[PDB]
Amino acid sequence: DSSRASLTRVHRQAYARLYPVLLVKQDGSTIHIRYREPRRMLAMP
Amino acid sequence: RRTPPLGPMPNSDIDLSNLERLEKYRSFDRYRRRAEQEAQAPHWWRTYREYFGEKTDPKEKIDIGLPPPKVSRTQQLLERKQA
Amino acid sequence: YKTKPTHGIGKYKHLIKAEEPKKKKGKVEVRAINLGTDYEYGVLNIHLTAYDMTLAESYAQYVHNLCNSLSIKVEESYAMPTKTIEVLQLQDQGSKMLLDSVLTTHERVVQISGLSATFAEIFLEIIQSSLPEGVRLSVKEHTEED
Amino acid sequence: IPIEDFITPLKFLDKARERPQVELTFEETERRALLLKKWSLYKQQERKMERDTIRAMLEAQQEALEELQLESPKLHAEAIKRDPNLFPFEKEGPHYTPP
Amino acid sequence: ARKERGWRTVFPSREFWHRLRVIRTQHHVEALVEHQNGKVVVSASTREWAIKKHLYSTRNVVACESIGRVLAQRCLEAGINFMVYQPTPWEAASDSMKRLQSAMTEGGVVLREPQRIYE
Amino acid sequence: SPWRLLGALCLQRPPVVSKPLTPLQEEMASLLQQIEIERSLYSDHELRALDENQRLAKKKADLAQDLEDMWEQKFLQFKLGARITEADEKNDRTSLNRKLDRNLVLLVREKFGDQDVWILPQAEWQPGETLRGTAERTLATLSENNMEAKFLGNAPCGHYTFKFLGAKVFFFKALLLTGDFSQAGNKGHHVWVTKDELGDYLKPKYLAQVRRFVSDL
RNA sequence: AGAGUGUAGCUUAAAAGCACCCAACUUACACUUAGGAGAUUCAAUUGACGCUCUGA
């Protein structure tokens, strides 16, 4: 049931590049965040 | 002075209360299609068709011709499906 | 004519209740009609917020299609402006200096009119089953001014 | 007063000559079309499955209310009525890496 | 002959001798040429087995072009080649209907029937 | 009217991790990223690569790669959290973290002097209290720990006819927030079980008619 | 163990129309455009496969 809203597209007509970044949370959980400047982890304090 | 309708009113069947719970005609074409399919209903009031030249069409006409050829619709549909 | 059996055939404004209300600033909120044996809610708000605008919008579109297909009334849906969170990055060796990275936070709001007991618990369990990744959900009360 | 963020920045108007090219291949285009067709199949199947689960368990809850009314004449009003406990309802989404 | 002038406030107009009416169902596409009085003279539908057995995606644009071409043929066989077509704005902007009327014109049917003499 | 006072409760568990990816779905991810690549415009690192290289060539006739390689180094150094916490155990069916991809339902095992049934946690509704309150009281008694199992609705779930003196069962539900389990080695055979293992465990029709309200996923 | 039976979700349809879903526009919904998967359980009106309720 989670394979439904995971599929996404950006519908804004003009937009900069987005890249799949592994966002680590405060309890060590990964989120696929579409972020420019193709980093690989953003560790939030 | 009033006279009761000589039959069901066109809009009486639909519910008047809870009109929020009734789906609305979101487009023009669905209303158009409902209107055209209602236009040929046998209304009890005066209408275009009552006056404009139908030659009193409804009456069975005598068929003088060959009987239709007996076909097996099950096998024919199966063959069309395979095609 | 008024004396004829076909009187009142062109009556339509009883069908269209819309008296063209100025529905851009009105605060005529429906309350929770609770009869005991017949419970219904008022205007409960739903807030989905995430760091990803595309996934948040996809979730909003999915719930909107689901609720429109479920045959319950949707009054209005909209979106909150973007929130930017900066990550102040302390260095490994020298912690005194302060660098930074940029990040964004998005939001969208969907509202619901009718909620029966079984129907609304069903809707809640289904939306938690289909809740997506990275999007935080919170259903709250109506009064929320920008 | 609403604050609007559905406006693209004015910096997005000038630099528009970077990637204006779409040079594709018939093979890739037909592959994309076939993929979209199978996507339509999969989404129709998923929607139908979800609808069947929803309808089955909804019929079941209707049976629950009906038989509760039949068996306990006084419990059904309280079973229908809401406690306020689900006013501040909120749930967190899934994750990828478990703690 | 006299065309049914008027009605002048409803849609569509009845001022014609033969109209081209296209019904666009979900599973099928059909088009008819009917006189003003109501009776249809020719029609091409994707339901008809003769063209159903051949064509693909009975709802497709290519399906509606095939419909237009076959009904152009059978209406020429019927001897009718003048008739009007009244679309909604989105139907007139529909590429299916544009290519449909193109198929009609290359089949040899001219729309916009002539005007009455001593109208 | 002799009716034996009995309800029941099913425990739902929210997943923590998402499902495997369909390979049509991964091909779809590739194709949509292709479309995004094609229609994207004005990328910061894109011009910090292209224009920077062009200006470096110009000054040679007279960054981005470093950042990419040290971020790749970061990716190599930070291994992610292990997805598979199930195959390593293979035996702790009683543990909470045994399965995170799906929703799990808890059941308790006890043997009666007449009945031998693997039952979902039952309950005994005293007439002086509401059914939701009885369900949560029984939940506390059977759980003997600190459960924040927040409920969903006062309406019941299921009712299967059993009579010996009529009797009924009234199934309810409650969503679990977070679980700390005291006495992980309870002899009371509680177990965290998904839908497939649920159907495998249902011996009678009474249990076989419980799989239609739980989340089939 | 008995009864009712039966065309894809629905139809006093005889292989249909509504339905259902995908892409484009629309914040979104809606409208429209361009696409998709679909059914008469078998054997000769009769018999024997599936569902339901009643049981035990």
Side-chain angles (χ1 to χ4, degrees), chain A residues 4 7 9-13, chain B residues 23-31 33-34 37 73-74 76-81, chain C residues 48 53-54 56-69 71-82 106-111, chain D residues 2 4-8 32-52 54-56 59 63, chain E residues 23-28 30 45-49 52 56-64 87-99, chain F residues 28 31-32 35 39 161-164 204-205:
Chain A
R4 312 193 44 77
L7 197 284
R9 199 164 165 262
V10 49
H11 314 340
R12 286 192 179 179
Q13 83 284 26
Chain B
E23 190 56 65
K24 312 288 193 303
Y25 281 129
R26 276 160 280 139
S27 69
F28 175 79
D29 276 330
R30 281 126 62 130
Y31 170 89
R33 79 88 211 169
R34 176 86 173 80
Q37 67 86 337
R73 214 209 182 111
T74 82
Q76 190 197 85
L77 191 184
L78 177 86
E79 169 44 32
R80 274 163 181 165
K81 258 302 316 182
Chain C
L48 56 100
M53 78 151 143
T54 172
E57 161 269 305
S58 279
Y59 183 30
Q61 291 211 27
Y62 160 76
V63 47
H64 286 30
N65 293 36
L66 175 86
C67 66
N68 289 353
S69 177
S71 199
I72 36 71
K73 171 76 174 301
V74 198
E75 49 283 38
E76 157 275 317
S77 298
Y78 84 119
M80 255 331 303
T82 317
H106 311 86
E107 205 158 333
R108 253 173 282 292
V109 175
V110 46
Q111 284 177 141
Chain D
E4 57 281 332
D5 215 297
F6 276 86
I7 291 90
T8 166
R32 301 197 191 193
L34 262 300
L35 260 296
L36 289 178
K37 180 192 171 129
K38 322 141 174 184
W39 185 25
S40 175
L41 267 44
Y42 169 64
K43 286 310 266 281
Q44 180 225 327
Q45 267 266 74
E46 256 191 351
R47 170 82 195 135
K48 188 246 301 182
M49 157 255 302
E50 293 135 39
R51 271 161 43 86
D52 296 300
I54 296 166
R55 73 179 77 254
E59 226 169 28
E63 274 287 318
Chain E
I23 98 166
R24 168 168 254 285
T25 324
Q26 194 151 237
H27 307 322
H28 292 326
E30 101 179 2
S45 49
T46 75
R47 169 48 175 145
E48 212 77 345
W49 21 94
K52 196 184 169 191
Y56 170 61
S57 314
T58 56
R59 87 169 59 82
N60 250 9
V61 182
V62 305
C64 85
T88 71
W90 48 85
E91 280 163 48
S94 283
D95 311 43
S96 195
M97 318 272 98
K98 309 182 64 293
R99 309 228 285 202
Chain F
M28 159 93 195
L31 75 89
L32 60 92
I35 296 119
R39 67 142 169 179
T161 50
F162 73 106
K163 158 258 310 161
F164 278 126
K205 50 151 194 175

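Note that these values count all heavy atoms, side chains included, but never hydrogens, waters or copies made by symmetry. A note on names: the letters A, B, ... follow the listed sequences, proteins ahead of strands, and every chain is numbered from 1.
Taking side-chain N and O atoms only, E/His28 has a distance below 4.0 Å to OP1 or OP2 of G/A16. Put simply, D/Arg47 has a side-chain N or O that comes within less than 4.0 Å of OP1 or OP2 on G/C21. Residue C/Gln61 places at least one side-chain N or O closer than 4.0 Å to OP1 or OP2 of G/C29. Of the side-chain N and O atoms in B/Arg30, one or more sit less than 4.0 angstrom from OP1 or OP2 of G/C31. Under 4.0 angstrom from either OP1 or OP2 of G/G35 there lies no side-chain N or O belonging to D/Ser40.
Between the side chain of C/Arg108 and the backbone N or O of C/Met53 there is at least one donor-acceptor pair closer than 3.5 Å. When atom types are taken as modelled, the side chain of E/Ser94 and the backbone of E/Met97 share no donor-acceptor pair closer than 3.5 angstrom. A donor-acceptor pair is defined here as one N or O able to donate and one able to accept, closer than 3.5 Å; such a pair exists between the side chain of A/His11 and the backbone of A/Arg9. With hydrogens and angles ignored, the 3.5 Å screen pairs a side-chain donor or acceptor of E/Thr58 with a backbone N or O of E/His27.
Remark: A/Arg12 qualifies as a cation-pi partner of D/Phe6 under the 6.0 Å distance and 45° angle criteria applied to the six-membered ring.
Counted by atom type alone, E/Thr46 and E/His28 present one or more donor-acceptor pairs between their side chains at under 3.5 Å.
Relative to the side chain of D/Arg51, the nucleotides G/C18, G/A30, G/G9 differ in distance, and G/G9 lies closest. The side chain of D/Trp39 approaches G/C22 more closely than any other nucleotide in the set G/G9, G/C29, G/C22. Taking only side-chain atoms of C/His64, from C-beta outward, the nucleotide of G/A28, G/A15, G/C31 with the closest atom is G/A28. If you check G/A15, G/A56, G/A34 against the side chain of E/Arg24, the one that comes closest is G/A34. Ranking G/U27, G/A34, G/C29 by closeness to the C/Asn68 side chain, first place goes to G/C29.
At the heavy-atom level, D/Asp52 lies nowhere under 4.0 Å from the strands shown. Residue contacts for B/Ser27: at a heavy-atom cut-off of 4.0 Å it reaches the sugar-phosphate backbone alone, with no base atom in range. Base contact: E/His27 has a heavy atom under 4.0 Å from a base atom. Within 4.0 Å (heavy atoms only), C/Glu57 reaches no atom of the nucleic acid at all. A/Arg9 comes within 4.0 angstrom of sugar-phosphate atoms only, judged by non-hydrogen atoms across all strands, and of no base. Heavy atoms of E/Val61 sit under 4.0 angstrom from primed sugar atoms or phosphate atoms, though from no base atom. Within 4.0 Å (heavy atoms only), E/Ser57 reaches sugar-phosphate atoms of the nucleic acid but no base atom. Within 4.0 Å of B/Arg33, counting heavy atoms only, lies no atom of the nucleic acid at all. Within 4.0 Å (heavy atoms only), F/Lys205 reaches at least one base atom of the nucleic acid. Within 4.0 Å (heavy atoms only), D/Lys48 reaches no atom of the nucleic acid at all. Residue contacts shown for B/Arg80 are limited to sugar-phosphate atoms, with no base heavy atom under 4.0 Å away. C/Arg108 comes within contact range of no nucleotide atom at all, as no heavy-atom separation falls under 4.0 Å. Contacts of D/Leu36 with the nucleic acid, taken as non-hydrogen atoms under 4.0 Å apart, are absent.
Look at OH on B/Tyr31: it is 18 Å from P on G/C31, rounded to the nearest Å. Nucleotide G/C21 holds its P atom 14 Å from the CE atom of D/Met49, rounded to whole Å. Between the NZ atom of D/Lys43 and the P atom of G/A37 there is a distance of 17 Å, rounded to whole Å. Rounded to a whole Å, the CD atom of E/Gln26 is 13 Å from the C1' atom of G/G9. Remark: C1' of G/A30 and CG of C/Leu66 are 17 Å apart, rounded to the nearest angstrom. What separates OH of E/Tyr56 from P of G/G35 is a distance of 11 Å, to the nearest Å. With rounding to whole Å, E/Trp90 atom CH2 is found 22 Å from G/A24 atom P. In this structure, CD of D/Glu46 is placed 18 Å from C1' of G/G9, rounded to the nearest angstrom.
Comparing G/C22 with G/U7, their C1' atoms are spaced 27 Å from each other, to the whole Å. Annotation: G/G2 and G/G47 have their P atoms spaced 16 Å apart (nearest Å). Between the P atoms of G/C10 and G/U52, the separation comes to 15 Å (whole Å). Separation of the P atoms belonging to G/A39 and G/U46 is 28 Å when rounded to the nearest angstrom. The same atom, P, is picked in G/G38 and in G/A16; the two are 13 Å apart, to the nearest Å.
The 5' end of RNA chain G is approached more closely, in terms of each residue's nearest nucleotide, by E/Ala93 than by the other of E/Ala93 and D/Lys37. Residues D/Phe6 and D/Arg55 both approach RNA chain G. Their nearest nucleotides, taken by heavy-atom distance, put D/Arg55 toward the 5′ side.
A pairwise comparison of heavy atoms in A/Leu7 and C/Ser58 identifies O-OG, 3.7 Å as the closest pair.
Stacking status of G/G47 with G/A48: stacked, per the base-ring test of centres under 5.5 Å and planes under 30°. No stacking contact links strand neighbours G/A15 and G/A16 by the limits of base ring centres under 5.5 angstrom apart and planes under 30 degrees. In this strand, G/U12 does not stack on its neighbour G/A13 when judged by six-membered ring centres under 5.5 Å apart and planes inclined by less than 30°. A stacking criterion of 5.5 Å and 30° is not met by the six-membered base rings of adjacent nucleotides G/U26 and G/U27. In this strand, G/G6 does not stack onto G/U7; the six-membered rings are not both under 5.5 Å apart and under 30° in angle.
Pairing partner, G/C25: none, since no Watson-Crick or wobble contact has both distances short of 3.5 Å. Across all strands shown, G/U54 is found opposite G/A1 as a Watson-Crick or G-U wobble partner, with both distances under 3.5 Å. The pairing partner recorded for G/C18 is G/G9, the criterion being a Watson-Crick or G-U wobble arrangement whose two distances lie under 3.5 angstrom. Pair assignment for G/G47: G/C42, on the basis of Watson-Crick or G-U wobble contacts that are both within less than 3.5 Å.
Judged by distance alone, with hydrogens and angles left aside, A/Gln13 brings no side-chain donor or acceptor close enough to the base of G/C25 to form a pair under 3.5 Å. The base of G/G36 sits within donor-acceptor range of the side chain of E/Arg59, with an N or O pair under 3.5 Å.
Of the two grooves, the minor groove is the one D/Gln44 reaches, taking side-chain heavy atoms under 5.0 Å from the groove's base N or O atoms.
Between D/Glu46 and A/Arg4, at least one side-chain nitrogen of the basic residue sits less than 4.0 Å from a carboxylate oxygen of the acidic one, meeting the salt-bridge criterion. The pair D/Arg55-D/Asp52 meets the salt-bridge criterion, with a side-chain N (NZ, NE, NH1 or NH2) lying under 4.0 Å from an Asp/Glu carboxylate O.
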